[PDB]
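Colleague: Got a structure for you, questions after.
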Amino acid sequence: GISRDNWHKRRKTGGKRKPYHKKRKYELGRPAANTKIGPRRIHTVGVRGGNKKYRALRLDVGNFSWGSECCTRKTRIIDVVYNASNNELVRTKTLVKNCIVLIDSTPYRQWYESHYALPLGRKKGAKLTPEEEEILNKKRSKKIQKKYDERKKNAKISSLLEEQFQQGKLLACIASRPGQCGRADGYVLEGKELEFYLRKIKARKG
Amino acid sequence: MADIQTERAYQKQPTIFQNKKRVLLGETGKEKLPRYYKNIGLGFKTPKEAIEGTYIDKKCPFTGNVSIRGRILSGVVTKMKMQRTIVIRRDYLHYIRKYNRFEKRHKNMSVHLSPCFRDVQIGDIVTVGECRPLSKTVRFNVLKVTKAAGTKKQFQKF
Amino acid sequence: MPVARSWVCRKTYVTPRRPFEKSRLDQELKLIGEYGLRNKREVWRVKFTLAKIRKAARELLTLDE
Amino acid sequence: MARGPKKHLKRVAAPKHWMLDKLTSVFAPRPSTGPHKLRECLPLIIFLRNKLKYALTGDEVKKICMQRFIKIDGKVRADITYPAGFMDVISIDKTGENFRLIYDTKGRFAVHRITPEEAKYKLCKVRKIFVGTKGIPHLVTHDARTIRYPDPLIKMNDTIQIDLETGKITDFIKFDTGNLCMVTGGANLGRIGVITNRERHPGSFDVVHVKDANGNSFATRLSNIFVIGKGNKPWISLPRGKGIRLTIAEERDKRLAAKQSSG
RNA sequence: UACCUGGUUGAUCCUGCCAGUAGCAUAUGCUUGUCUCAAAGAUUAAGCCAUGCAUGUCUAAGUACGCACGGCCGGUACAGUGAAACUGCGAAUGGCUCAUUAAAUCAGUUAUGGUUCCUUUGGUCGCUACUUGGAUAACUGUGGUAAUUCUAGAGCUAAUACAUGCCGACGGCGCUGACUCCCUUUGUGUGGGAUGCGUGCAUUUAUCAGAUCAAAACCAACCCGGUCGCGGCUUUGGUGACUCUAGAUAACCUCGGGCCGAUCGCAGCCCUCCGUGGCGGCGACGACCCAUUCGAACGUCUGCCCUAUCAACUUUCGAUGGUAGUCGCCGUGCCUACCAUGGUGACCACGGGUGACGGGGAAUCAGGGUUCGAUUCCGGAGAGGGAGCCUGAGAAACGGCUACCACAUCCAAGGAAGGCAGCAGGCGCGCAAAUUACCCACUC
RNA sequence: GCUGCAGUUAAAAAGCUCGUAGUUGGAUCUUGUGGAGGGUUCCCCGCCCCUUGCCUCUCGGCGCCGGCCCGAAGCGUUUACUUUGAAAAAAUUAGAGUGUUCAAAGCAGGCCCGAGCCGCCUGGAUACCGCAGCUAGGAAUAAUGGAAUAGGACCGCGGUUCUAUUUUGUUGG
RNA sequence: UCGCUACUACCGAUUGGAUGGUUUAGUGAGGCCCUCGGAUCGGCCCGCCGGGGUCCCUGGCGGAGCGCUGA
């Protein structure tokens, strides 16, 4: 049907070539996955040699890494915001490798606040004191405050992330192939990559 | 030089990572990027401009994702209107055995030329080795450039 | 079809180029009459084995001693 | 068309060193898939029918094997086209005799009878060295045998000795200058000599120079050299003629002088 | 054996061609006693095909309630020979033809550090359980159509088919740290430690480490020989070259949609032991992962018959190249979006022709050459013409399927069935090509 | 008609001249005495001037009572040519052995008592296999190259900027 | 030059004829992929009877919701 051959097309000189044989089965191609945001729908295909391949049609959740902090957790996927290859892919919300996405900040915030014994995403005292202060302060015999200098002297996060945590969303990049692995999975944007894509997002519409 | 992110997607070397911890540098600073580079083997030497440079090129032999294997060849630089690729000419004699005499022939190759070579000119001599297919018509990559066994660029004092 | 047969064979004589040369005709008949042979082909066999022997010795005489 | 693998062999396409006749047939035995390459083996049917002559037809070979009489490397094999090859031992316990496959100096397998205490081991050339999970070291031989925990001095191109009842390593010979070897491919196939120089090239093939007992010199690609003894002495018994490769004029003169072949 | 002769004139010497002479391979005429070999519907029409055959298969060892045949009598699972049917494997090799095809196929030479791989051979195989579930075929019984290797409704019963799922051998080691003890209230050096969480190999992503080199001088704190300033050092493997192999950390995990045995056949055993706890000898079959073997696929360098009454050609209708992605077993304009303006040619491109399948080879031949190669070995392509696809390790298969186009068989006019460029045999064509024979004894 | 034809009059030199690609292109840059094999001076060692042309290390064996020597390596300005290695299906062709009754073919076959030998000896060679790619010697012939807007070299000095992070007892400065 | 008898090729009215390849615009079988659809077939939840037992197992008849949940 669809095929990926080299012989249907012309040579260096601009000259044509005539067909050598009928279409062979090892020259095959197949339609694209076009993965959307939505509750899990995966289908499987048999491939050359009798092996299996996984094709994701809908995904709602992924695995993401905050490489700066050595933390990775299972996280909800919210929206797609930039695509370097084609604007119709963000207009129709399709998920592919090196796409830029928004993810839920919550499991990183909960890891940080319990690891460093400090607040992160907080606005004012009404969202600090009335509950869950007992995550931050407890009885800690000979481990109370000064021994947390192992934590507190390296706790400060970049200003570009502290502005994202207060809105409840982080920017991330997809590293897996979702139409081939069945998974959407990647890493949190940081540093000069974060500066580059914030400029590109703002310069397109804002 | 001062900017390299001229594309719609961010440009970087794979296998290099930048720490977002212990970031203090005071009134001055140093390079946030270390450089990846490798030895090619076969008695070739890596150019200084690959180690001291800041360019991104995935098809580069010294700083990218290619393996040099099989045949090693040479030819004369003859055209360079494409970007990061050039055309070279190879000339030879063919024997026709009914007569006892030779015939002159040529072929052209398109080859990939990275930054780190930046003073090449038409009529220079270039050495190349095989790769995996790099594009539709490209199979070879530049390992060394020279102008030995010939006249100077400008006057004899060059 | 493939088959277990073989097809190797060859001719054991050659015909003369001048058919009616008077000097050749009576020389061949004198060999037939003295040795009691059946036909001319029976003489042309013996000229062919001698020619192949002399063709090999003339090649070996070109090589160094 | 060719839609999958082939399973026949024409008799004019078969390896020259089997010495098959021209006129009995169209086909030859296709060697069974196994430890040795199709060009480099001897099918068991050609050894029993054509070399030893214990059977007049392929059916008389089939009913020798199905009685469980034939052992190769100490294991009973019922397959009549099994690919036996260089350094293997064949044992026939019912007639009371043992053989080893070694090249004749004209580049073909000799019949070579051996004593039952020499039928207990074989020599193997090393093909590969690698490390598996949990850091366990592995070895691979020229006949597909895989060994765990080899001695850390055993490197590439070396020769190891194994006992056939257990399959474990007993002793080894290093590849270095002055050791005795046999040639296992090319035009020099079936010659024996001492290694005298190795010349190396980065990319393409290394070349080894070898010296004869009579002082002749010859060379080949490194893939054709098999080491068989530390210094001057072999670890295996050797066939008639000992790898010396005399020329056609010397062979004529001994055949006239010795009056052998019932003269 | 490196060769010539007749023919222009009234006669002579030349140029030059016609004719003769020898071989080879297709047809054809006249003629024929013995004996050993053995080519044979390629040339025209890859035109059309009546009839028969050309692919099947069971061991001690997957499923035996066929009264089908049978024994000394009995089912102690159950004897023993065993039709049928279910399940497994093969049918992708072999054989036939030469239509298409001029950098294509093919040959020599090299590469996968850019992939996949039934089987064989060697590694590996311990993070209700003294044995689970329901449901069909053969068979028995009742039918429909002019008709086919068409099949429907009803009653029974199996598994190495299909689907579930323990037990045994968690006792891991890292991270938390109520409390507690000692020198120094903290910090900082300790040893214990209640209690939680994760903890095999595969899979997706992110991070860490990988040790070796030349020479001194001060300071905080100390390894250690010793005590209130000097001597001395250590840790997977490999390539010309890896973003290799092995190792450590945080998570993921495929589920109905990765592994870690609810299987079969021979001889019996040793005992806190009288038929019990097991441990064990020989196997058979099966499955995830490495390495092999048989290959397949894609790529490198050089090599081609005639033609200018073919001189310029290609180019978002992808042409040459760049960046990101999709698809695919994998490299790649293979395809999509954005951008650049390239690429080939008188050393013949681009276009047209070929009674063109390529090579090993064959005829003739002083030396140098000319002509031929459909044809038993090797590589390619195709089963009336084009296209699409199921199953499988392997096919874009035609002794598999679906449709259009060209032919064409049967009919109760509603419908159903088809592919000899396999072996024999027939029609048509033409100068032109054999028997609708016997057998698995040999080779495989 | 390359070896190997012909063009005043038999068939046939563009009316004449210029000119890009193609083919072709002048001379020149280190030799004789001594020893071996062989001759009565020339082919291999060592020399008027250089004999692998240089060179000095360091991981790595040799020779001897540390230091100095002799085999790798950097490599000899780049190629054609020539000579030698390696590596390339079989059948066919050439070619060795062998009384198919001879031959064309084939790959066989030959000794010894009787049968008491529970048999013995022996073959299935070898050459050729353009071009292109790989490899080690030779250096004539033919291509190709260096300092004229001077640079080779000395264990030679000097300013300045970058910089591995070794040796020190280590982790840090 | 004109004339008689054979044979081969050229030009051309005829909007000639047959076969084959390119290609504009319109139509389009059938397979595969995707989004839907839901004929029909089961299990688990509520009576009575029976076998075993401290009302549950579990075979069967049977009706309401035909819930929930699978093909």
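All positions are counted from 1 along the displayed chain.
Positions of Cβ are set from backbone N, Cα and C atoms, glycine also.
Straight out of Swiss-Prot:
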type	residues	note
LIPID	B:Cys60	S-palmitoyl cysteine
MOD_RES	B:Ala2	N-acetylalanine
MOD_RES	B:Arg22	citrulline
MOD_RES	B:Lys38	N6-acetyllysine
MOD_RES	B:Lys45	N6-acetyllysine
MOD_RES	B:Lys58	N6-acetyllysine
MOD_RES	B:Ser67	phosphoserine
MOD_RES	B:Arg69	omega-N-methylarginine
MOD_RES	B:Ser110	phosphoserine
Colleague: Among the modified residues listed here, B:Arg22, B:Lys38, B:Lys58, whose Cβ has the fewest other Cβ atoms inside 10 Å?
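Modeller: Counting other Cβ atoms within 10 Å of each of the modified residues B:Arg22, B:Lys38, B:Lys58 gives the minimum at B:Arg22.
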Colleague: Helix, strand or coil: which one is B:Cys60 (S-palmitoyl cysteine) in, per DSSP?
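Modeller: In three-state terms, B:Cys60 (S-palmitoyl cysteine) counts as coil.
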Colleague: Any idea what the Cα distance is from B:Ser110 (phosphoserine) over to B:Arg22 (citrulline), rounded to a whole Å?
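Modeller: Their Cα atoms are separated by 47 Å.
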Colleague: Taking 10 A as the limit, how many CB atoms besides its own sit near the CB of B:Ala2 (N-acetylalanine)?
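Modeller: B:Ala2 (N-acetylalanine) is surrounded by 4 other Cβ atoms within 10 Å.
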Colleague: Could you tell me the C-alpha distance between B:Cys60 (S-palmitoyl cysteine) and B:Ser67 (phosphoserine) in angstrom, no decimals?
Modeller: 10
Colleague: Using C-alpha positions only, work out which of the modified residues B:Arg22, B:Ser67, B:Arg69 is nearest to B:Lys58 (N6-acetyllysine).
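Modeller: Closest candidate to B:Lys58 (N6-acetyllysine), judged by Cα separation, is B:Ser67.
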Colleague: Cα of B:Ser67 (phosphoserine) to Cα of B:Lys45 (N6-acetyllysine): how many Å, rounded?
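Modeller: The separation of the Cα atoms works out to 15 Å.
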Colleague: Hey, what's the Cβ neighbour count for B:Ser67 (phosphoserine) at 10 Å?
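Modeller: B:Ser67 (phosphoserine) is surrounded by 12 other Cβ atoms within 10 Å.
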Colleague: Could you check which of the modified residues (B:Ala2, B:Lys38, B:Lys45, B:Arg69) sits closest to the residue listed as 'citrulline', going Cα to Cα?
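Modeller: Ranked by Cα distance from the residue listed as 'citrulline', first place goes to B:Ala2.
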Colleague: I'd like the number of other C-beta atoms within 10 A of the C-beta of B:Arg69 (omega-N-methylarginine), please.
Modeller: 12
Colleague: Enter the number of other CB atoms within 10 angstroms of the CB of the residue listed as 'S-palmitoyl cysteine'.
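Modeller: There are 23 such Cβ atoms around the residue listed as 'S-palmitoyl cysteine'.
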Colleague: Which of the modified residues B:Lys38, B:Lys45, B:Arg69 has its Cα closest in space to the Cα of B:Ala2 (N-acetylalanine)?
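Modeller: Result for B:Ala2 (N-acetylalanine): the nearest of the modified residues is B:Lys38.
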Colleague: What same-chain residues, at least 6 away in sequence, bring their CB to under 8 Å of the CB of B:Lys45 (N6-acetyllysine)?
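Modeller: Residues satisfying the criterion: none.
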Colleague: Can you check what DSSP calls the residue listed as 'omega-N-methylarginine', collapsed to helix, strand or coil?
Modeller: strand
Colleague: Measure from the Cβ of B:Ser110 (phosphoserine) and count the other Cβ atoms within 10 Å, all protein chains considered.
Modeller: 18
